[PDB]
Amino acid sequence: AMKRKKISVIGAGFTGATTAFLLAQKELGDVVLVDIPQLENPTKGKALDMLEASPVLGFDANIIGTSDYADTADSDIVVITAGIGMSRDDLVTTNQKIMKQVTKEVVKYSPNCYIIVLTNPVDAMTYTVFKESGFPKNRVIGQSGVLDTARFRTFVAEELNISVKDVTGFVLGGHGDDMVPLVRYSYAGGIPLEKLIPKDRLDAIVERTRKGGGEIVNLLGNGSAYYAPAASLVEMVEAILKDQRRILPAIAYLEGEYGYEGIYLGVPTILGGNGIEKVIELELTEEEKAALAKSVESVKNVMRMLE
Amino acid sequence: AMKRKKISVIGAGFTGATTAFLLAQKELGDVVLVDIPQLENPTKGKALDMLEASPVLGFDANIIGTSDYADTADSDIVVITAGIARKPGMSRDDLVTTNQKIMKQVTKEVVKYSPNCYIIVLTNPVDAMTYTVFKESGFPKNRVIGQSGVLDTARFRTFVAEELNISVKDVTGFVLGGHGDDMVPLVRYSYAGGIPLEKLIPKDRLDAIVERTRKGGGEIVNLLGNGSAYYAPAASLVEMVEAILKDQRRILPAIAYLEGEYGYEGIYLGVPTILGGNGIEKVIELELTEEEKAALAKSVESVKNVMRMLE
Amino acid sequence: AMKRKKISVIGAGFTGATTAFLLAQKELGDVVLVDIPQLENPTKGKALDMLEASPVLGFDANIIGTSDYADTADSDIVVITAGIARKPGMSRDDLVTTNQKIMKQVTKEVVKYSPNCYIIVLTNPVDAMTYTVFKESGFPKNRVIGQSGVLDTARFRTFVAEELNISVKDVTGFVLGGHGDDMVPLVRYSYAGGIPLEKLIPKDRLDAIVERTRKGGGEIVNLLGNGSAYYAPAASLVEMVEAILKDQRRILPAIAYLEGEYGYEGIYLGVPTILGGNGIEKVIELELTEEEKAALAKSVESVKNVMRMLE
Amino acid sequence: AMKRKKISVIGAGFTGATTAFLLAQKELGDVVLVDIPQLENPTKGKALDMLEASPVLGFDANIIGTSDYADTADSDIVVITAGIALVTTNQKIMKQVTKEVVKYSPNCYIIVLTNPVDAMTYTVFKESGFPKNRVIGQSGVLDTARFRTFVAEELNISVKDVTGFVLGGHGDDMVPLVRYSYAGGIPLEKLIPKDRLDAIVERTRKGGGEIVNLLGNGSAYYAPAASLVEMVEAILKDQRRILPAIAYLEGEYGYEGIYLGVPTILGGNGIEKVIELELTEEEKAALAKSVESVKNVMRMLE
Ligand SMILES: NC(=O)c1ccc[n+]([C@@H]2O[C@H](COP(=O)([O-])OP(=O)(O)OC[C@H]3O[C@@H](n4cnc5c(N)ncnc54)[C@H](O)[C@@H]3O)[C@@H](O)[C@H]2O)c1
Ligand SMILES: NC(=O)c1ccc[n+]([C@@H]2O[C@H](COP(=O)([O-])OP(=O)(O)OC[C@H]3O[C@@H](n4cnc5c(N)ncnc54)[C@H](O)[C@@H]3O)[C@@H](O)[C@H]2O)c1
Ligand SMILES: NC(=O)c1ccc[n+]([C@@H]2O[C@H](COP(=O)([O-])OP(=O)(O)OC[C@H]3O[C@@H](n4cnc5c(N)ncnc54)[C@H](O)[C@@H]3O)[C@@H](O)[C@H]2O)c1
Ligand SMILES: NC(=O)c1ccc[n+]([C@@H]2O[C@H](COP(=O)([O-])OP(=O)(O)OC[C@H]3O[C@@H](n4cnc5c(N)ncnc54)[C@H](O)[C@@H]3O)[C@@H](O)[C@H]2O)c1
Ligand SMILES: O=C([O-])CC(=O)C(=O)O
Ligand SMILES: O=C([O-])CC(=O)C(=O)O
Ligand SMILES: O=C([O-])CC(=O)C(=O)O
Ligand SMILES: O=C([O-])CC(=O)C(=O)O
């Protein structure tokens with residue numbers, strides 16, 4: 001008997017929905033879209049509106065909304081986007097319990113699933129999910145590398161006036177100040193960008209990448225990015241579901257890699273049927289090594305804010 | 001030096017934004033997303049967040065957010081989802097009228113910078129609002145269309161897919177007239193891989209599917225609480241956009257301007273149509289049963305009702 | 001471990017190659033192109049060529065070429081196209097026996113290495129060649145499938161599409177019976193956007209179209225001069241493969257072991273089918289006219305008259 | 001009135017036919033299949049077989065087979081695959097081909113595949129009367145794609161994440177830069193030692209012959225048709241890709257008066273510009289050994 005893949009997308013907000021919707025139209029499998037019971041009606045409203053567009057886009061996928069994790073039973077992938085002028089401490093603590101509470105139900109109804117976390121801060125929350133899940137390091141990944149690279153590509157595209165298919169960004173660690181960009185491993189059709197873009201403009205593109213998610217927040221006035229984040233999540237689900245062995249930047253457990261371990265950190269990754277198949281150790285220059293250390297201690301910080 | 005197509009989506013709300021997103025990702029061309037001046041930053045927020053997903057999904061489109069119609073310069077297709085939704089305290093006539101003025105302000109600007117474009121109208125009441133854009137655009141009837149029956153058949157097909165547990169791709173569906181009580185389904189022209197549905201589903205459930213397809217927009221309003229359908233409505237718009245942009249000569253129900261078709265004239269109404277590169281190519285004039293001919297009459301008195309509400 | 005679906009395409013000729021290329025392209029799995037040892041070199045040269053396309057079209061599928069059934073191990077779907085064509089000074093009986101022979105020798109080696117595969121058969125005469133495969137496979141009826149209906153309705157839809165000047169998306173067809181002459185197309189079950197084709201095409205034009213579809217294959221071999229159609233055939237195979245692999249529960253006309261449906265038993269025939277993750281989920285029994293029951297018995301007559309040449 | 005993009009595939013054999021299907025499949029537009037009027041019927045039934053697959057795959061595309069060039073009227077793109085499974089034999093086809101092609105589609109971009117392609121595209125360029133951006137060759141997209149394959153098998157990572165770059169002719173004329181190839185963006189020199197990297201460069205070079213040598217009585221059509229289509233799509237969708245492509249140099253790299261595989265921007269106006277990679281002392285010397293052969297083939301012409 002052939003069964004289509006089953007993907008459960010927890011949190012039915014702006015990214016979780018846009019994600020659920022891409023997942024459906026591509027026919028990567030049936031999508032179960034979960035939120036708290038107070039938002040179950042909306043979440044079934046957002047499932048069904050999506051599913052009523054299944055005749056029109058000509059895609060065969062089931063899309064249901066629910067407040068009940070029994071609907072998540074036997075998922076291949078689980079993507080967690082669930083999350084809430086307030087302190088860093090109370091954001092990390094608040095989202096952390098939500099990570100613990102989402103996880104216990106997820107792994108319970110989905111024992112052999114791969115989990116992809118988006119939740120902010122995705123460095124410490126994927127940690128929380130890794131921990132809480134019990135799962136071996138390969139089955140728990142965070143998104144942040146692919147969205148940063150994607151921002152930098154777009155900027156590098158609209159600067160050279162070429163295709164986004166031809167620009168490859170290389171981002172290490174998390175977002176903004178925690179970002180360790182590798183421009184030397186960034187190209188336009190394999191041409192090092194550092195020979196196409198002048199430093200001042202390239203330094204600008206780096207900082208805008210850093211300031212990329214804040215920038216959308218200020219544009220919207222109410223909320224953060226969901227389109228590009230959503231597209232980031234799907235592409236990593238596409239990698240696992242189709243064992244594509246993608247080299248993409250992911251948030252990943254480190255067990256000695258770059259001389260660090262017992263943390264999550266955004267690193268070069270091979271993405272396939274066993275989720276994270278290989279963390280990749282680059283040989284890094286002295287500035288990169290030292291800037292990575294800032295970013296590692298900047299993640300050990302939020303992890304001191306975990307309870 | 002023959003370049004990308006240009007689609008401008010007026011209103012950067014849930015429908016305009018979702019629709020713009022689908023358009024770009026199918027590389028149907030460059031998308032200019034347009035809303036009011038207060039909401040320029042949020043629009044640009046939506047178009048920037050879209051474009052930034054393009055290196056991920058591997059589609060090459062320009063997408064911009066803007067309240068300056070300069071940016072819609074020489075658009076091939078224009079989708080109007082620019083609209084008020086019901087304001088608690090509003091009469092039918094106030095919405096109807098509030099929305100018409102928006103059509104006039106939006107249309108004027110659309111033919112100013114894109115006088116040789118094709119216009120697809122979602123704004124409620126769509127029957128009355130596509131008419132507004134036709135008589136203010138000064139366009140030929142073929143260059144201005146309303147979306148309505150795609151979303152109603154897409155709804156109908158899902159419930160029928162769900163009843164018979166078969167691919168939505170092999171379920172079809174026919175409706176003339178509008179949404180709600182205006183909707184004029186032909187079960188006799190609805191099927192499952194070419195088996196008329198009446199042979200497959202009992203009468204209680206089949207009537208039940210029709211009823212669910214009148215109330216279909218309401219179903220989605222009641223579940224969300226605030227807001228309305230966007231994904232199904234956006235896909236629908238995208239089907240009609242795709243038809244015209246690729247000259248597909250599809251047979252879709254669209255809101256088109258009758259000039260004697262079914263012996264009605266000077267109006268827009270949901271009729272079967274060829275949709276292709278000349279917009280609405282033909283209105284298909286079916287031979288209906290007296291029943292159908294007369295339920296369509298009720299449906300057309302409805303469209304007249306609203307039409308008497310235009311200032 | 002999440003693993004990709006594995007498909008094996010027996011016979012690396014025009015149809016089997018093409019099928020292997022389309023499958024690869026859709027990322028529907030890993031593809032194993034399988035001919036006789038004498039054509040192993042050219043079969044590996046196709047698989048590599050196909051695989052060398054994948055950086056360009058942008059799919060990750062693994063394609064290799066073998067004579068050896070060992071690289072078909074634990075295959076989910078096997079698509080049997082392997083066969084010989086008509087050789088001059090050879091009768092009906094000797095192509096049938098020779099192909100049957102091949103059907104039997106391919107299948108003992110397919111069901112050894114892939115015991116829980118679904119098998120889609122193309123080899124002409126398909127209805128008997130499907131029947132052989134089902135006897136030698138010892139698999140239940142739902143796992144052994146033939147292609148013929150989708151090819152022919154595609155041919156029919158293409159002729160109506162030409163005839164009306166509309167997209168083929170909105171043309172629906174339905175054909176029971178084998179191929180060529182022994183082919184039963186229901187014009188009453190054929191529509192252009194849900195509208196019966198009898199209301200749109202006059203009877204001379206609609207009968208001739210029905211006649212072009214009967215001769216549909218021969219038309220192409222007469223134009224080619226040397227060999228039979230491969231694009232339309234391989235596409236047909238892919239939709240059927242895709243329906244099993246994404247459990248899409250399509251209503252498709254497939255070749256299916258009849259066990260009382262349409263008043264027939266103990267044969268494989270073109271019939272209505274729901275094609276899903278469990279192969280042939282169910283044959284759908286239509287209400288036919290006596291003209292159609294006699295028209296289908298004519299097909300079964302030529303079909304059974306072919307089955308007789310077996311052993 | 002909105003109207004389809006039209007693509008005439010000149011050559012209705014293995015590469016010509018395989019290209020037109022894909023093109024129709026992707027809905028890049030309407031497709032005229034062409035060959036000699038002898039082979040008018042085999043063409044037409046390639047055209048019909050393909051158009052008969054459209055209901056099943058579900059793409060709206062007119063695919064027609066013809067030997068009358070009138071039916072290739074108004075083509076946006078013209079794909080030249082008319083050759084013989086001899087630079088003088090394939091030269092003399094280009095000349096008769098190009099004259100009718102500029103005559104029905106005078107506005108059209110010409111992407112050529114016929115071997116020896118840099119010399120056959122050059123021959124197309126000279127008869128065409130068109131600008132240097134309007135006549136393109138296909139080489140590096142195929143060789144590079146053979147490279148990314150071999151580099152994909154070797155590391156077992158996605159093909160999508162392998163990058164490649166080959167400058168120069170088709171065969172032992174190829175000068176791919178292993179230092180402008182990567183896997184995940186991380187240079188291959190760092191991922192693969194010199195004896196196995198040398199082997200991938202070697203296998204890339206023989207690439208075409210490996211395909212001939214297995215097949216027995218033809219050459220490559222699946223990777224070649226995809227390579228053409230990618231280049232069609234760049235022009236038809238103004239994609240503005242940086243693809244390896246055969247391009248008429250007028251100074252570039254201190255070479256001119258010759259077609260040769262070089263980095264380019266490929267998009268709406270065809271080849272918009274060729275890109276000048278500054279090269280290691282042995283890449284320049286090696287590019288020259290490739291050209292100096294290439295030039296000879298053009299002293300095989302007329
Ligand atoms: N890495 C990134 O891409 C990135 C960028 C944007 C968003 N984010 C983070 O991703 C998350 C998603 O944000 P969004 O834009 O989708 O916002 P949103 O508020 O619209 O979505 C959040 C949803 O999660 C639900 N939720 C909250 N607690 C839950 C619980 N215990 N169980 C189940 N559902 C619960 C809420 O009810 C809400 O529907 C946030 O934490 C945000 O900070 C980070
Ligand atoms: N007829 C149908 O088939 C159908 C289906 C669903 C939606 N609709 C209609 O579509 C309309 C809006 O749909 P939505 O769900 O996206 O709503 P929405 O309110 O979220 O989005 C509408 C957007 O239009 C903008 N707008 C208002 N007046 C404008 C003007 N003069 N110029 C430019 N932009 C302007 C608003 O700022 C808002 O952002 C409503 O009238 C709704 O009834 C009808
Ligand atoms: N059902 C349909 O609609 C339909 C349409 C087209 C073709 N067909 C039939 O399908 C078959 C395929 O024809 P084609 O166009 O590919 O012709 P072809 O001869 O080019 O392809 C068939 C291939 O089968 C191979 N083969 C033979 N014996 C084999 C064996 N024991 N194991 C493995 N491979 C073996 C041959 O070596 C040959 O390469 C024919 O029997 C044809 O009549 C039916
Ligand atoms: N240079 C490259 O990048 C590359 C890659 C693969 C193939 N090729 C070349 O592609 C070309 C075609 O290859 P193929 O494998 O399709 O061969 P093929 O089997 O298609 O033979 C060439 C086709 O062109 C037709 N043709 C010949 N003269 C013609 C004329 N005067 N007008 C119109 N059509 C004519 C032939 O009848 C035949 O259909 C050959 O030159 C081959 O060497 C080179
Ligand atoms: O925290 C934010 O500002 C949002 C963010 O990082 C992101 O979008 O990736
Ligand atoms: O009016 C509304 O609320 C929206 C609507 O018609 C629909 O979705 O069909
Ligand atoms: O019938 C034939 O001769 C070949 C065939 O199956 C087809 O193409 O339909
Ligand atoms: O020489 C040939 O026949 C074609 C060729 O270069 C190739 O396939 O790479």
Side-chain angles (χ1 to χ4, degrees), chain A residues 15 91 118 120-122 143-144 147-148 151 174-176 178 211-218 224-226 228-229 232, chain B residues 49 52, chain C residues 9-19 33-39 42-43 49 52 67 69 80-86 95 98-99 101-106 109-110 120-127 129-130 146-152 154-155 178-179 216-217 220-221 227-230 232-234 236-237 255, chain D residues 15 49 83 85 113-117 138-139 142-143 146 169-171 174 206-212 218-221 223-224 227:
Chain A
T15 310
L91 202 210
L118 181 82
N120 246 17
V122 64
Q143 188 306 123
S144 85
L147 172 56
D148 265 347
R151 293 236 174 84
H175 302 313
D178 309 30
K211 303 335 214 307
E215 176 184 336
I216 314 324
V217 168
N218 295 346
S224 26
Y226 43 95
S232 298
Chain B
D49 174 30
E52 294 181 333
Chain C
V9 182
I10 320 300
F14 289 105
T15 293
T18 321
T19 304
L33 204 64
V34 165
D35 221 308
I36 67 165
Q38 229 279 244
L39 309 183
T43 299
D49 181 18
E52 272 159 358
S67 26
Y69 279 91
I80 293 167
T81 90
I84 300 306
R86 162 163 190 77
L95 215 218
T98 310
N99 275 349
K101 265 170 141 156
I102 295 150
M103 279 315 101
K104 264 186 302 221
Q105 82 112 293
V106 164
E109 287 281 273
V110 149
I120 301 195
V121 166
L122 200 70
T123 303
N124 287 312
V126 64
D127 309 283
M129 278 316 94
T130 306
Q147 192 297 117
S148 95
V150 172
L151 173 54
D152 297 310
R155 296 212 160 106
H179 259 295
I220 304 259
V221 180
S228 18
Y230 36 106
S236 301
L237 280 177
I255 314 161
Chain D
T15 309
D49 187 14
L113 186 81
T114 290
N115 266 338
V117 52
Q138 197 306 109
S139 184
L142 177 66
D143 300 319
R146 296 191 163 119
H170 224 31
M174 288 159 32
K206 275 295 173 292
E210 182 180 30
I211 303 303
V212 170
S219 8
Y221 50 94
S227 307

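Residue numbers start from 1 in every chain, and the chains themselves are labelled A, B, ... in the order their sequence lines are given, proteins ahead of strands. For the numbers below, each heavy atom of this structure counts, side chains included, while hydrogens, waters and symmetry mates do not. Every number for a ligand or one of its atoms is a count from 1 in the order of the listing.
For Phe14(C), the ring-ring contact (aromatic ring centres under 6.0 Å, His included) partners two or more places apart in sequence, or in a different chain, are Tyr230(C). Residues forming a salt bridge (charged side-chain N to carboxylate O under 4.0 Å, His left out) with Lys206(D) (at least two apart in sequence, or on another chain): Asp172(D). For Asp49(B), there are no salt bridge (charged side-chain N to carboxylate O under 4.0 Å, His left out) partners at least two apart in sequence or on another chain.
Here's the thing with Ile84(C): none of its N/O atoms is less than 3.5 angstrom from an N/O atom of ligand 3. Considering backbone and side-chain N/O of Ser148(C), none are found under 3.5 Å from N/O of ligand 3. Here's the thing with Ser228(C): none of its N/O atoms is less than 3.5 angstrom from an N/O atom of ligand 3. Looking at ligand 3, you'll find an N or O of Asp35(C) within less than 3.5 Å of one of its N or O atoms.
Contacts between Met129(C) and ligand 3, counted as non-hydrogen atom pairs separated by less than 4.0 Å, are absent for every part of the residue. With a 4.0 Å heavy-atom cut-off, ligand 3 is reached by the side chain of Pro233(C) but not by its N, CA, C or O.
In this structure, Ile102(C) and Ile84(C) have side chains that are in contact, with non-hydrogen atoms separated by less than 4.5 Å. Counting heavy atoms from C-beta outward, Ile216(A) and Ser224(A) have side chains that stay 4.5 Å or more apart.
The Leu39(C) neighbourhood of ligand 3 comprises atoms 37 (O), with distances under 4.0 Å to a heavy atom of that residue. Listed by number with element, the atoms of ligand 3 under 4.0 Å from a non-hydrogen atom of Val34(C) are 33 (C), 34 (N). Near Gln105(C), the atoms of ligand 3 lying under 4.0 angstrom from a non-hydrogen atom of the residue are 31 (N). Ligand-side atoms of ligand 3 in range of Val106(C): 30 (C), 31 (N), 32 (N), range being under 4.0 angstrom from any heavy atom. Each of the following atoms of ligand 3 lies closer than 4.0 Å to a heavy atom of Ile10(C): 33 (C).
Within the 3.5 Å criterion, the main-chain N or O of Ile10(C) finds a donor-acceptor partner in the side chain of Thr81(C). For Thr123(C) (side chain) and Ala82(C) (main-chain N/O), a donor-acceptor pair under 3.5 Å exists by modelled atom type. Side chain of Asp143(D) to main chain of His170(D): no donor-acceptor pair is present (N/O by atom type, distance under 3.5 Å, no hydrogens or angles). A distance-only check finds no donor-acceptor pair linking the side chain of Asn99(C) to the backbone of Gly83(C) [under 3.5 Å].
In this structure, the protein non-hydrogen atom closest to atom 21 (O) of ligand 3 is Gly13(C) CA, 3.3 Å. For atom 32 (N) of ligand 3, the closest non-hydrogen atom of the protein is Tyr69(C) OH, 3.6 Å. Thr81(C) O, 3.0 Å is the protein heavy atom nearest to atom 11 (C) of ligand 3. Atom 9 (C) of ligand 3 has as its closest protein heavy atom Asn124(C) ND2, 3.3 Å. Here the heavy atom of the protein found nearest to atom 30 (C) of ligand 3 is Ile36(C) CG2, 3.7 Å. Regarding atom 6 (C) of ligand 3, its nearest protein heavy-atom neighbour is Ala229(C) O, 3.6 Å. The protein heavy atom nearest to atom 15 (O) of ligand 3 is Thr15(C) OG1, 3.4 Å.
Interatomic distance, CD of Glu109(C) versus CD of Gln105(C), reported as 7.5 Å (0.5 Å rounding). Here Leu39(C) contributes atom CG and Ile36(C) contributes atom CD1; the two are 4.5 Å apart, rounded to the nearest 0.5 Å.
Within the 4.0 Å heavy-atom shell around ligand 3 one does not find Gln38(C). Using 4.0 Å as the threshold, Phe14(C) has a heavy atom nearer than that to some atom of ligand 3. Within the 4.0 Å heavy-atom shell around ligand 3 one does not find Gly227(C).
Of the candidates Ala232(C), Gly83(C), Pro125(C), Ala82(C), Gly83(C) brings a heavy atom nearest to atom 19 (O) of ligand 3.
Residues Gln138(D) and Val117(D) come closest through the heavy atom pair O-CG1, 3.5 Å. For the pair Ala229(C) and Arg155(C), the tightest heavy-atom approach, listed with the atom from each and the gap, is CB-NH2, 3.4 Å. Heavy atoms only, all atoms of each residue included: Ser144(A) and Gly174(A) are closest at OG-CA, 4.0 Å.
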- Step by step, work out the side-chain contact (heavy atoms from CB on, under 4.5 Å) result for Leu237(C) and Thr15(C). CA-CA 9 Å; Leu237(C) 280 177; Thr15(C) 293; 4.1 Å; yes
Check each N or O atom of ligand 5 against all protein N or O atoms and list the pairs under 3.5 Å, with atom names and distances to 0.1 Å, one per line.
{"residue": "ligand 5", "atom": "1 (O)", "partner": "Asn120(A)", "partner atom": "ND2", "Å": "3.0"}
{"residue": "ligand 5", "atom": "9 (O)", "partner": "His175(A)", "partner atom": "NE2", "Å": "3.0"}

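For atom 17 (O) of ligand 3, no protein non-hydrogen atom is found at a distance below 4.0 Å.
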